[PDB]
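# Chains, contacts and geometry: an overview
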Number of protein chains: 2
Amino acid sequence: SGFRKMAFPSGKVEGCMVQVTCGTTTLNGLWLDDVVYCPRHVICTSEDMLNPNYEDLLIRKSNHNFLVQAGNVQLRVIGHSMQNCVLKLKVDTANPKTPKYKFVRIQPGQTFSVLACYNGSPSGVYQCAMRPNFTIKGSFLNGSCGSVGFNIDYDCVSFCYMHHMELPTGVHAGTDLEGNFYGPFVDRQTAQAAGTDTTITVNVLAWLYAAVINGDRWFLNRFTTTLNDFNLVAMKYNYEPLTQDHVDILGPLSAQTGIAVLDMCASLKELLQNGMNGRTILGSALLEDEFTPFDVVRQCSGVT
Amino acid sequence: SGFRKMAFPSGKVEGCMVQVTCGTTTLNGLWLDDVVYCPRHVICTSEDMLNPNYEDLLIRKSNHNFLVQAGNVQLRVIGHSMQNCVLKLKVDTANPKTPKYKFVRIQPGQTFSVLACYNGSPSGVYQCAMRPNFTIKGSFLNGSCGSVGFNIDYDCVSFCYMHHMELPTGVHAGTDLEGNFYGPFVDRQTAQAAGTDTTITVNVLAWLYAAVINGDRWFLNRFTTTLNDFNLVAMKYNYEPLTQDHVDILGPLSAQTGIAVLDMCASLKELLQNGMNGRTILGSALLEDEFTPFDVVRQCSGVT
Ligand SMILES: O=C(Nc1nncn1C1CC1)[C@@H]1CCOc2ccc(Cl)cc21
Ligand SMILES: O=C(Nc1nncn1C1CC1)[C@@H]1CCOc2ccc(Cl)cc21
């Protein structure tokens, strides 16, 4: 028993991290097969970032200007192309440590692991949720750009995120591996509004089920609610409206614990309206939303 | 910016995980050089666990009874020895993925990463603190035994923990890699008191410094305190007494932020006495103690 904010084992992704330098800028790249993926802003100077014309900036660059280093060996760049906000550097050598992989665009509310890197070297790994407003609350310093987010289903790594920037508000923005930003963001040093964020209701409910499985039950009450009634409370507390699709995804946890989804919604309703009264749930003094129902089942069943 | 409960990249440890089976029991082993380390209770049946005589149980076992499997290949066992609560299985092949490593006994209050495994396969990675009472609050199911805790300083993995058991209270107990339990615990299915736990004061202060560095400053006040005054509050709130050694370790963070350690102690004192008033610090509604001062400096400086 016990419940932790667990990240995927990062080994398969560590073997793909490289350092990419263009001019005076160094960031991280992802080497998969004979292609290295990195944020296109590697071609900019901090000065260019105010309003970069990436097409014009990239035209001044040649294959030999992109220095790609994997550990201590240099990779020979034989092609370069920009796809949305990422650069794809074709190298002459396929990465021998390339795992089975996929590029996926995750949905808001879904979770993933981030392998934070600097100069192509891994520094740490943590579990994130893509916020409903398409930002992530990460831990990223200068040079972390190009660090990736991913999920792993047995031997296949699904890469879902590449880090590009920190907004003036301190939250993080990035792209899928085709270079499409999650959210309205642009790779430019300008003030950018991230939308109103909300709490991922289905994840809080999944985490309440994890609490019951792992022994924390003080919050269970004698009440029930309806999707309509619960959603009036979710509206007031800036929670995502619960749908039947969310109730359906909670099915396995509801079956495991014997607690009907709407009964768990009534516990959540009372927690929203009354707070925790100085108590904790799974070591937390707030309602946690960075665990999906799939994460709870996975962690509680020991999937490797 | 941003501050996360970051684990070390687990790759170097993933390459050392093996499955060890003896009779009907399967757990995880750590393969380093030509030795596989695992909890000695792999030789027990669930029935033997009430009061096992490990010496007698091990005498009925031969090298061929220990099935060690690394991925899909079988390792040939040529020796077996029990050292405290661990078994050391000498194999005929050195692990080709053996990283530079050390076995270290960490101190209470120090942190480490756990690579949770089942059947020799990694399931996830999370960052833990060894509690002052020598337990850890992990996420471990049946078969997780033998999963290890570790730290990494550039290319050297310092293994500090091997998981053995879950106490009736749901907290976890284990040994260093020489098989010596952290705490008063015995590898036997009996009720075992874990001592009164306390909050790791120096870690809460380190985390408050991390909060200031990363923008959360609402808790800073116009007050100061003394080690004596602060310790009277620490006593009342079940916090570890702060010493000059702890103040000394906080030196770099104090220098970085310009906030004297005793001024940060006065902020902590007011937070203990008044609570958070429904506010958060680094996304938490409680005082976090699972980040050491070294962790804060490391994360805030991007050490890889
Ligand atoms: O955001 C960026 N860096 C960043 N992203 N995660 C961590 N960090 C560092 C600041 C802490 C760069 C530098 C700031 O100016 C920009 C502007 C646009 C773009 Cl795409 C990137 C950048
Ligand atoms: O504790 C153990 N298992 C455990 N440790 N982390 C997770 N888990 C499973 C229960 C959830 C085993 C089984 C219970 O009985 C004992 C007794 C003594 C020893 Cl050393 C091990 C054990």
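Criteria and cut-off values
- Residue positions are given from 1 per chain in written sequence order; they need not agree with the entry numbering, and residues without coordinates are hidden.
- Whichever chain is written first is A, and whichever ligand is written first is 1; the rest continue in order.
- For the side-chain quantities, the full set of heavy atoms in the structure was used; hydrogens and water were omitted.
- One bridge is not enough; two strands pair if DSSP finds at least two bridges between them.
- Here a strand is any run of E in DSSP of at least two residues, a helix any run of H or I of at least four, and the numbering for each starts at the N terminus.
- Axis definition: a line fit to C-alpha positions, over the contact stretch in the case of helices; interaxial angles, taken between N-to-C directions, run 0 to 180 degrees.
- Just so you know, the copies are superposed with least squares on the C-alpha atoms alone.
- Whether two residues are in contact is decided by their heavy atoms: any pair within 4.5 Å suffices.
- Being near a molecule or strand, for a residue, means having at least one of its heavy atoms within 4 Å of it.
- Each polar contact in these results corresponds to two N or O atoms within 3.5 Å; when the atoms are within protein, one needs to be able to donate a hydrogen and the other to accept it, and residues that are neighboring in sequence are counted only if both atoms are side-chain atoms.
- Three categories are distinguished: nonpolar for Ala, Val, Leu, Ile, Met, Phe, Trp, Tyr, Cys and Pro, charged for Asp, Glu, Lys and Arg, and polar for the others, with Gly belonging to the last.

Looking at the method and resolution fields of the entry, one finds X-ray crystallography and 1.640 Å.

### What about the sheet that holds strand β7 (residues 86-91) of chain A?
Residues and elements named next belong to chain A. Spatial strand order, β5-β4-β1-β2-β3-β7-β6: seven strands in an open sheet with antiparallel pairing. Of all the strands in the sheet, the pair left with one neighbour each is β5 (73-75) and β6 (77-83). When strand polarity is set aside, the average angle formed by the axes of neighbouring strands in this sheet is 30 degrees. Pairing analysis gives three bridges linking strand β2 (residues 25-32) to strand β3 (residues 35-39), with the strands arranged antiparallel. Residue pairing in the sheet places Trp 31 in a bridge with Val 36 of β3.

### Focus: the relation of the copies chain A and chain B
You can overlay chain A on chain B at an RMSD of 0.0 Å; the transform is a turn of 180 degrees with a shift of 0.0 Å along its axis. Here the symmetry operator amounts to a two-fold rotation axis. Considering only C-alpha atoms, the part of chain A nearest the rotation axis is A:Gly11, at 1.8 Å. Taken as a fraction of all interface residues of chain A, those also at the interface in chain B reach 100%, which identifies the copy contact as same-surface.

### A short note on the site of ligand 1
Taken together, 15 residues form the shell around ligand 1, and within it A:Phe140, A:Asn142, A:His163, A:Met165 and A:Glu166 come nearest. Those residues lying near ligand 1 are distributed over chains A and B. Within the backbone of A:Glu166, a nitrogen or oxygen atom sits 3.0 Å from an oxygen atom of ligand 1. Taken together, the residues of the shell around ligand 1 sort by class into five nonpolar, seven polar and three charged.

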